[PDB]
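Now for the letters of each chain:
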Amino acid sequence: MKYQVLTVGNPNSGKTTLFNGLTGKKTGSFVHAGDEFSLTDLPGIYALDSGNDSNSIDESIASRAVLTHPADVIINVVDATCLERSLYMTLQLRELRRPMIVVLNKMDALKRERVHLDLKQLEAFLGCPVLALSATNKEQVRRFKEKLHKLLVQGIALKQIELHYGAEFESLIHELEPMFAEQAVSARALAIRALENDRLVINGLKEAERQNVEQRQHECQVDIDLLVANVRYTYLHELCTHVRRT
Ligand SMILES: Nc1nc2c(ncn2[C@@H]2O[C@H](COP(=O)(O)OP(=O)(O)O)[C@@H](O)[C@H]2O)c(=O)[nH]1
Ligand SMILES: [Cl-]
Ligand SMILES: [Cl-]
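1. A short note on the packing of aromatic side chains
Each pair of aromatic rings is reported with the distance of its centres and the angle of its planes.
Okay, step 1: This model, assessed by the stated rule, comprises three aromatic pairs.
Okay, step 2: Following the ring pairs from residue to residue traces out a cluster consisting of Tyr 3, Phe 30 and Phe 37.

Written out as structure tokens, the structure is:
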């Protein structure tokens, strides 16, 4: 009866459009088929990260909320025109294993560029529901409400992405997953972030557990940021060639 919906995506992905279309950093609600929907439009971010460099306070707030804000579902709004760039965050959302839908927006611009994308198999690799849309189109957004409501009542079925970082990094992950098994979010996902040196995860930790984590970042023989960038990029690129066709 009362659902919390987070809107998350890159800047210029269409978030504010789809938020305004549904409801009538911005907050709002609507009703559909006898249930209530509290919507939140989180600021545009490109990764689930904050901290010293990621100066913008807005980005930290978005990162923090995705990490900790209550949510029945996170709507990942993805600009279908720059598909590969946007999907990097999508991967990280998937590693959180929070309930989530991908919304390919700006589909109108894509079909006038003679690009057809295999949303069926795109769904197969992300392992979460994938929806196509043009948020400026009133009819499709209303159709989107019915689709979203149905999913929330039916429950969202998720299979986790086959994302593998190589034996060493995988070992460091399974070393740190212990101290995250209680959290609302995948211990693996938080373990990966801790090796990635995410201020949000790390500062949450006990003084002891904090000095565990960076003991592992010295253990790693390759640059952690170099490894995750390559692995996610490779995965992304293979997927795009499989799903994008002309
Ligand atoms: N062609 C096309 N343009 C869109 C669509 N949705 C949004 N836009 C445009 O892309 C820009 C996105 O703005 P906005 O919704 O604020 O993106 P935000 O930065 O994520 O909040 C706006 O100028 C929109 O008019 C769409 O489905 N198709
Ligand atoms: Cl209910
Ligand atoms: Cl692309």
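2. Let's talk about the sheet that holds strand β4 (residues 73-79)
Okay, step 1: If you walk across this open sheet you meet the six strands as β2-β3-β1-β4-β5-β7, and the pairing is mixed. A single partner strand is all that each edge strand has here, and the edge strands are β2 (26-32) and β7 (130-132). Between one strand axis and the next, the sheet turns by 25 degrees as a mean value, whatever way the strands run.
Okay, step 2: Against the sheet, helix α1 (residues 15-23) makes contact with β1 (2-9), β2, β3 (35-41) and β4, and its axis sits at roughly 40 degrees relative to β2, the strand it touches most.

3. Points about the site of ligand 1
Okay, step 1: Close contacts around ligand 1 come from 15 residues, with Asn 12, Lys 15, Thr 16, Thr 17 and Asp 108 the closest.
Okay, step 2: Between ligand 1 and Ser 13 there is a distance of 3.3 Å, counted from an oxygen atom to a backbone nitrogen or oxygen.
Okay, step 3: A distance of 3.1 Å is found between an oxygen atom of ligand 1 and a backbone nitrogen or oxygen belonging to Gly 14.
Okay, step 4: Considering ligand 1 on its own, with 580 Å² of exposed area, one finds that the protein chains cover 68% of that surface.
Okay, step 5: Mapped onto the shell around ligand 1, the elements with two or more residues apiece are α1 and α4 (107-111).
Okay, step 6: For the shell around ligand 1, the element with the highest residue contribution is α1, accounting for three residues.

4. Some remarks on empty space enclosed by the protein
Okay, step 1: What the largest cavity holds in volume is close to 40 Å³.
Okay, step 2: Lining the largest cavity we find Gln 92, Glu 95, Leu 96, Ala 189, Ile 192, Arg 193, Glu 196 and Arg 232.
Okay, step 3: If you list the elements that add at least two residues to the lining of the largest cavity, you get α3 (83-96) and α8 (187-196).
Okay, step 4: Looking at the lining of the largest cavity, the element that brings in the most residues is α8, giving four residues.
Okay, step 5: Of the residues contributing to the lining of the largest cavity, the split by class is three nonpolar, one polar and four charged.

5. Focus: helix α2 (residues 57-68)
Okay, step 1: Taking 1.5 Å per residue, twelve residues should reach 16 Å; α2 reaches 16 Å between its end C-alpha atoms and fits that length.
Okay, step 2: Along α2, the positions that sit buried rather than exposed are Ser 60, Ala 62, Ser 63, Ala 65, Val 66 and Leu 67.
Okay, step 3: Each element contacted by the buried residues of α2 is listed here: β1, β4, α3, α8 and α9 (199-204).
Okay, step 4: Its side-chain oxygen placed 3.3 Å from the backbone nitrogen of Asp 58, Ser 56 serves as the N-cap of α2.

So, how was this worked out
Residues numbered from 1 in each chain as written, not as in the entry; some residues may be left out. Chains lettered and ligands numbered in written order. Heavy atoms only, no water. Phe/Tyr/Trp six-rings, centres within 6.5 Å; stacked < 30°, edge-to-face > 60°. Pairing = 2+ DSSP bridges. Helix = DSSP H or I, 4+ residues; strand = E, 2+ residues; numbered from the N terminus. Axes fitted to C-alpha atoms, helices over the stretch in contact; angles between N-to-C directions. Contact = heavy atoms within 4.5 Å. Near = heavy atom within 4 Å. Polar contact = N/O pair within 3.5 Å; in protein donor to acceptor, adjacent residues only side chain to side chain. Areas by Shrake-Rupley, 256 points an atom, 1.4 Å probe, with all protein chains shown as cover. 1 Å grid on protein atoms, 1.4 Å probe; cavity = no way out; pocket = protein on both sides within 12 Å on 5 of 7 lines; lining within 4 Å. Points joined across faces, edges and corners; volume = space filled by probe spheres on them. Nonpolar A, V, L, I, M, F, W, Y, C, P; charged D, E, K, R; others polar. Expected span 1.5 Å × (residues − 1). Buried < 20%, exposed > 50% of the residue type's maximum accessible area, 1.4 Å probe, protein only.

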